[PDB]
Every structure is written in structure tokens, then in C-alpha cells.
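# Close look at the chain arrangement
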Amino acid sequence: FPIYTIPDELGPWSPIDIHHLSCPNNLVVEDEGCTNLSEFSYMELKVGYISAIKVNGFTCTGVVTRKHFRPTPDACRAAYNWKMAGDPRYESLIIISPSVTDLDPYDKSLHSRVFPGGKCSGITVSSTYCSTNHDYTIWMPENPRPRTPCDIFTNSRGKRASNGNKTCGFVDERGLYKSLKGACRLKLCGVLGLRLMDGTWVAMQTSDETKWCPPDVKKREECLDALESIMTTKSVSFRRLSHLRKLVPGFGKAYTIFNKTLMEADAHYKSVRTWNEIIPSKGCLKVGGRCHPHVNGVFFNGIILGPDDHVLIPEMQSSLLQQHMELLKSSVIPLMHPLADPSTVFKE
Amino acid sequence: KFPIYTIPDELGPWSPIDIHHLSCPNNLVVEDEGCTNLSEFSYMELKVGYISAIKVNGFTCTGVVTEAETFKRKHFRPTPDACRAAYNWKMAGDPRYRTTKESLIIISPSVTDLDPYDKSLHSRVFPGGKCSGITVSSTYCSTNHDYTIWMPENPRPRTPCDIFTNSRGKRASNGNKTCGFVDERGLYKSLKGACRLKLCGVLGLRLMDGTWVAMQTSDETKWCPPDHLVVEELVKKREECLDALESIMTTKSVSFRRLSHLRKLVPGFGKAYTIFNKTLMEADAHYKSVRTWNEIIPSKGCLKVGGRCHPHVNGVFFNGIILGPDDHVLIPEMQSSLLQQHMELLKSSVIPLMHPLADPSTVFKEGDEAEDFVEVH
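Residues numbered from 1 in each chain as written, not as in the entry; some residues may be left out. Chains lettered and ligands numbered in written order. Heavy atoms only, no water. Residues with missing side-chain atoms left out of burial classes, pairs and counts.

The deposited coordinates derive from X-ray crystallography, with the record listing a resolution of 3.0970 Å.

This is the structure in C-alpha cells:
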């Protein structure tokens, strides 16, 4: 159990609603089957495409001068293009960007709490729009006539680790073993592979007939308490934000806040032995061998620039002050000999 | 109404005590409404380390005999000469403890106070601080244990009267009758409630805070014994020191945290406590206030007292202050303050933005009037 987890590689920052928040995974398969190795090159998803294939988009809401009306796609698109820069366009049509959706790999479906039940199933070139919870707004893609992206993989080198002919799993480019037990089969951009139970995908063939992925000392009690608190108050705090950080190595989300807009990014978390290997310099938070940059004093996961341009990590300080005060709560015994007035005893 | 902390202007030597020497501070303030015009002058006060009392170090001699036949040891009343000679070996030499062997087991340290009138020794090893003292004739004292005697760490001659120091100050008088002064530390001490005392043939007043001074302009006023304005904060802060002392004596144990409560919260004379290796110890202190933690911790491991970085002894300073593993001075009051800040900024929430149409619970209007989110465009 490490003292902290730091992402080895930060993915892109995509904005989210508080409803997208979820508690960490915390899996420790730990082999126990394989004591053999070999250098092989596996294929995985790039950070940014691991959790979901994000389709950027936007919402077009129709206004008449006020009253409402359901607009048409063509005019709405015309609005977007004349709104990414200063342009004459200013019955009026309002857009909001971005309205990100999560593309389903089964059927080109799009899941978003802006759709009724994450309803939009697909968008061939016969609809060009997509219904919304609002009867007078439509959702459309950031790019017109887009298609599924397929430059989403990366070649990486790891170790196979099989027991018999059967593959127990492997060791990723980060050095962490991952187990194939409990994984399902998934085909992405035609390539056949497996979705592991941590959420990662890898291109492999198993001689074990597996299922197919369906379309849908614990601290999790503390996590869900902190989280349900957020949904009950619609407000987030940098301590409750600290329970969302995965506590053990492996794939997870990293959260942050820009312009009071909650955001998440894919991350491979690695163990930390000393705080020093994370913060060598003063204002340096070392992510992947570099002083990670910030915006106006915030890094991800509640890590923020303190009141002195000092990298202030929450768990670091909490553990520190805990240790200091704990040093101050140590008891001792003074050594009086005949002070009380009790009697005639020998006393060693 | 209290300064954030209080640090000695200069410490006295350290004296070994037990938990029963522990007393709560006397956070006493003094106004003396008048006394506006101060006359620059010089006064004589007690040297730091003698203000409360004049300690005299000593040791306890217990005599026991062992009968090996299977041991059946018992006591005997020892002799002063052999106890002294064995004590002198306890420092450098080698002491050792049907056949029988007699043995003098020595206990150090045992400290007693001295009344300068009788030249008498007061302590709780005696019957009510009994010993008239030591002479050339009498070389020992009688303890509550019939087979145990007390003898000083020093030979019999101990003429003690080099206890004074001449300091500068300002005698604020008002017009007619001197009513107060300010010491070298720059703190107002008032004569309201002082009582006389003669020490080494020098008459002088002992004030309420405990300081003795060489001033006779009290006019005629009552002696000290042989031994209206109190804000709620003083009392409601005194009670927790009483709860902490009660906790200490009930538990027979001490900790740096519980030790920090006995600190004097306002400037003036007071006691400073600490513990080194299971040995509880105390020292005289002229406390002065602190405004910001920077002025008593300027460097990474510097505890500024008396114009210099104070030296620890195995990482323990005083008043619960110890040295952190990062070689950082850490003060109980300062660390608790820092915990309040650290959490009160962790305990700080914000309401992040919500895509108006991404909230499934947003009920849209009946009819066709506009919503509010589009007003912001």
C-alpha cells in the first residue's frame, strides 16, 4: 500500500459534469500463477482513448425575439462555424461548446446526460442532429460528417509471463502486472482484443473461451460517503476530490478544476516511495520526468500551489501534521523515589 | 487578548523535579492606570535561576545489607562519612552491591530549597521540609525513611549570597508616589500587592508575579509569608491548565502536548518546564510575548531565545517544543494552528459548472417561454 499514487502519463483534459464522478477501482491481482517472462511488444490504447472514445460536439438551442422554437441543423452548423471566431452572426440561435459525448463501440451510439437516457443511437447521414432533454435544442458533432477515429493505439514493450501454454497475463510498459482472468472480448477498429477488469484494452488472443463484453481494508465506504455528499450538495471540495484518486497502481482517472469547470483525464498511476521523488524543486510536481505545469495555482487531484509558490500536496501535508502532532502525544514517566510519603518498602 | 505565544528572554539553569513540582502559570496582567512619567534609573533584581528559590543539589543515601544463605536483604541506618565516600565513587570509581554484605545505594539527584533566614533545607523527602540545614557539626539530614539520609553534593561550606544582578529600567512614579517600573525586558511591573523580604541583608519587595526587586520606596507595608480584575478569558483558560495538571497527576505520565499547557501565556516571570530522558525538569524564565512565528523560528532549526539559536538536547527544547525529523522546530500551539489552517482550506468547497441540458432533473417549461440559461448567452 503506497504513500501516494502519481500518474505516469497524463491524458488530455476533457470537461465533465459532477455526475461523471466515480470511485477508484483498486485491484491487486498479483500474479500467483506465473513465474516465467519474455520481452514482447503489446498494443494498447493511447491515454485519452482508454476510458472512452470521446466525440466532441455542441448544443444548438433555438430562440425567437422571448420564446422558444426547435431549430434546424443547417442553420445551427452555420452558427457554429461563424462562432469559433469573430463573425457577423450575432430568430436567434445559441450554441454551447463543448458538449462532449461518449461514443459506444458496438454501434456508433452516443451516451451523454444531455440526451434522453443517453439516447442518441447513431448519426448516419440521414439525421445530422440528435434529440435532447430539451424539446427546443438539438445536439450535433463538432466536426461535420465525422467518423470513428482509429489512430488510438500505441506499441509498447512488456513481458508475457505465461504459466503453461496459457497466458496468465503480462507486465505493461510501466512494470505493473495485469491479469486476464475476468476479462471479456472486445473488437476495436476491427482489431480483436480483451477488455480487462481494470478498464484497459489490449490486443491479444486467448485460447480460453471467454465471454463478450456486455454493452453496460476498503475505503470505498469513505469514498461513496464523500461522493454522495457532493451530489447532495452540488459542490466539490479539494479533500473530497482527494478520495477519487486511485490508491494503487493501474489505470484510473485524474480530476481537476479549471474555470470552475470540473475535468478528468486518463492516467496510469504508479506507486510513490518518497515525496521527494515527486517534488525535487520548489514549484516542481514531477509527472513523467518534468515539472508539470499548472493554471493559476491548481494541479490535478487537489495538488495545488501553496501560499508561497510551494507544491502543496494534500495527503503529504495531512500525513505530515499527523506525524508532528503524534510525536507530541508521546507519554513518559518521571522518576520520583520517596516523595509520596508511603512507607518502609525496599525499592530494589 | 492573548499574544499568540510567549518565549523566555533568558532561561535559568535546569533543575530536576517530579510531577508534584508542576504548577499552573499565573497569567497576571497589571494596569496601574496612572504612573505616566517614567524616570530612567537602575535597579537590582534576583539573578535568573534564583528568583523562585535557591536550590541546593544533594543525594540520598540508603543503607541495606544482604544475607546469602536465597537472599533476605533488609535496611540499616548508614553513616555520613561512608555515604560521602561512596558518592564520590559514583561519579568515576566502581561501587559494588551464610555470608552478609553491607551496601550504600546512592540516589541522585535529590534537590532541596533553602530558606535564607534559617539557612534551612525544605523538601518532601524530609518531614515537611524539616532539615535545619548542614553545619560543621551536623553533616546530614533525616528523611521520612528511618534508614535513609540526605547529604549535599557539595562539602559543608555553601555561602550562597552571590545572587543579585544590576539591571536598567524606568521608574514610573506618577507625581507623588512611585507605583511601577519597567525592567530591562521592557515590561511594566507594578507594586500593587508587593510584600517585603530581606535577602543577604538587603531589604526589597517581592511582587505578585514572583519577582524580587531592590526597592524600599514601598513605604511601610506587610512582610511576605514564610512560604478584582480577572477577565473571563483568564479564568476560562486557567481551568484547562487545571484539567491538564489533573490529567498528569491522575495518569502519573507527562507528554509534550500536555506539557505545553503549563506555559505562561503573558509576559512576566514564570516557570519553563521540559523533560530529558524521563527526567522532568524546570527552569526560571522571564517570559516575553511573540507576535509572529517568524520571530522565534527564522531559520530551519533555529529557536531564537536570548539572541541566539537555542540548543536542544537530543531534540527536546522546552515547553513541549521538540525537533522534527526534518530538523524542523515544531511548537504544539503552532502545529495545532497549522492544522486549523490546513483543514479550513481543505474544508473549502466550490460549485462547479453544470451544462444546463446535462442535468436530467432540470424540468423544462410547459409552453414555449424562454429559459434562464440563454440570457447569459
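All names here are of chain B. Relative to strand 15 (residues 202-206), strand 14 (residues 195-199) is paired through five bridges, and the arrangement is antiparallel. Bridging from a neighbouring strand, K198 pairs with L203 of strand 15. Hairpin connection between strand 14 and strand 15: a loop of two residues separates the two successive antiparallel strands, and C200 in this loop has a positive phi of roughly 55°. Hairpin connection of strand 15 to strand 16 (residues 212-213): five residues between the antiparallel strands, including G210 at a positive phi of 115°. (Pairing = 2+ DSSP bridges. Helix = DSSP H or I, 4+ residues; strand = E, 2+ residues; numbered from the N terminus.)

Parsing chain B into structural domains produces domain 1 (30-50 + 160-227), domain 2 (58-152) and domain 3 (232-345). Once you take the C-alpha centre of each, domain 1 of chain B and domain 2 of chain B turn out to be 40 Å apart. (Domains from an automatic or database assignment.)

Our next topic: the pattern of salt bridges. Residue and element names in this part refer to chain B. Counting across every chain of the model gives 27 salt bridges over all chains. A salt bridge links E45 to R185; the shortest N-O distance between them is 3.2 Å. Residue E45 shares its accessibility class with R185, and that shared class is buried. The residue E344 makes a salt bridge to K347 at a minimum N-O spacing of 3.5 Å. The two residues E344 and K347 agree in class, both being exposed. Put simply, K55, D113, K271 and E282 are held in one network by salt bridges that share partners. (Salt bridge = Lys/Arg side-chain N within 4 Å of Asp/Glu carboxyl O. Buried < 20%, exposed > 50% of the residue type's maximum accessible area, 1.4 Å probe, protein only.)

Strand pairing in a sheet relies on backbone hydrogen bonds. The paired strands run either parallel or antiparallel. Residues and elements named next belong to chain B. Read across the sheet, three strands follow the order 22-23-24 without closing on themselves; strand pairing throughout is antiparallel. Where the open sheet ends on each side, the last strands, each with one partner, are strand 22 (316-318) and strand 24 (329-330). Pairing geometry for strand 22 and strand 23 (residues 321-323), over two bridges, is antiparallel. What sits directly across from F318, in strand 23, is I321.

In the structure shown here, the tally under the stated rule is 15 aromatic pairs over all chains. Measuring from ring centre to ring centre gives 5.1 Å for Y42 of chain A and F170 of chain A, while their planes differ by 70°; the resulting arrangement is edge-to-face. Taken individually, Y42 of chain A and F170 of chain A each receive the classification buried, so the pair is uniform in this respect. Centroid distance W14 of chain B to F276 of chain B: 5.8 Å. Interplanar angle 75°. Geometry classified as edge-to-face. Given a relative accessible area of 16%, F276 of chain B falls into the buried group. (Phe/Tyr/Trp six-rings, centres within 6.5 Å; stacked < 30°, edge-to-face > 60°.)

Take the pairing of strand 14 (residues 184-188) of chain A next. With four of its five residues buried, strand 14 of chain A lies for the most part within the structure. Between strand 14 of chain A and strand 15 (residues 191-195) of chain A, which follow one another and run antiparallel, lie two residues, and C189 of chain A among them has a positive phi close to 50°.

Next up on the list: the interface of chain B and chain A. The interface is formed by 61 residues belonging to chain B together with 57 residues belonging to chain A. Summed over both partners, the interface of chain B with chain A buries about 5100 Å², with 68% contributed by carbon and sulfur atoms. Along the contact surface separating chain B from chain A lie two salt bridges. Between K234 of chain A and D359 of chain B there is a salt bridge; the shortest N-O distance is 3.5 Å. Our count for the chain B to chain A interface comes out at 12 residue pairs in polar contact. Sorting the residues of the side of chain B that touches chain A by element identifies strand 5 (74-76), strand 17 (254-255), helix 3 (256-260), strand 19 (279-290), helix 4 (332-346) and strand 25 (349-350) of chain B as the ones contributing at least two each. Element by element, the count of residues in the side of chain B that touches chain A is highest for helix 4 of chain B, at eight residues. Bridge count between strand 22 (residues 331-332) of chain A and strand 17 of chain B: two bridges; the pairing is antiparallel. (Contact = heavy atoms within 4.5 Å. Buried area = accessible area lost by both parts, 1.4 Å probe. Polar contact = N/O pair within 3.5 Å; in protein donor to acceptor, adjacent residues only side chain to side chain.)

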